[PDB]
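Novice:
So, in structure tokens, the structure goes:
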């Protein structure tokens, strides 16, 4: 299952 | 009425840091981790990314709240607490440590750490 996160401190998201 | 293994890992927090030469992550501030029915909660997580393998990275969580919760439609809740938790990508290994506790219909254990796989 893939790792994905959302950055509260800019507004946008990533996989890593 | 939805899948948990069906959905991606959702993660959020307020600090985020990475190093490409350090090969490591930090998140900080009340890290929430969820997939469908699963809820897992910490203040920090660590992951080492070697690369060359693909999908052998591990998600080591620590700091309070340090709680687990799940609710199945099949009349089956499960919840627990520890100080430290190992979570992973498919089956690889799982353990909860530091005053670990877990309860379910057919299962009741507590101690320093609980042995239970994925």
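Protein chains in written order, with the UniProt record's numbering: chain A, 6 to 21; chain B, 28 to 145. By construction, the Cβ of each residue, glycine as well, lies at the ideal position given by its N, Cα and C atoms.
#1: Mind checking residue 123/B: buried by the 16 CB within 10 Å criterion, or exposed?
#2: Residue ranges of each beta strand (DSSP E) run of no fewer than 3 residues wholly in the stretch 109-144 of chain B, ordered along the chain?
#3: Taking a contact to mean a Cβ-Cβ separation below 8 Å, would you say residue 69/B touches residue 89/B in this structure?
#4: Using three-state DSSP, classify residue 87/B as helix, strand or coil.
#5: Tell me the rounded alpha-carbon separation between residue 73/B and residue 54/B.
#6: Note down, in chain order, all residues in the stretch 81-94 of chain B with a beta-carbon under 8 Å from any beta-carbon belonging to chain A.
#7: Does DSSP put residue 47/B in a helix, in a strand, or in coil?
#8: Compare the C-beta of residue 97/B against all C-beta atoms of chain A and say whether one is closer than 8 Å.
#9: Say whether the stretch 79-89 of chain B touches the stretch 97-107 of chain B, bearing in mind that this needs 3 or more beta-carbon pairs closer than 8 Å, one atom from each stretch.
Specialist: Working from what's here:
#1: buried
#2: 111-114, 122-124, 128-131, 134-137 and 140-142
#3: yes
#4: strand
#5: 8 Å
#6: 84 and 86
#7: coil
#8: no
#9: no
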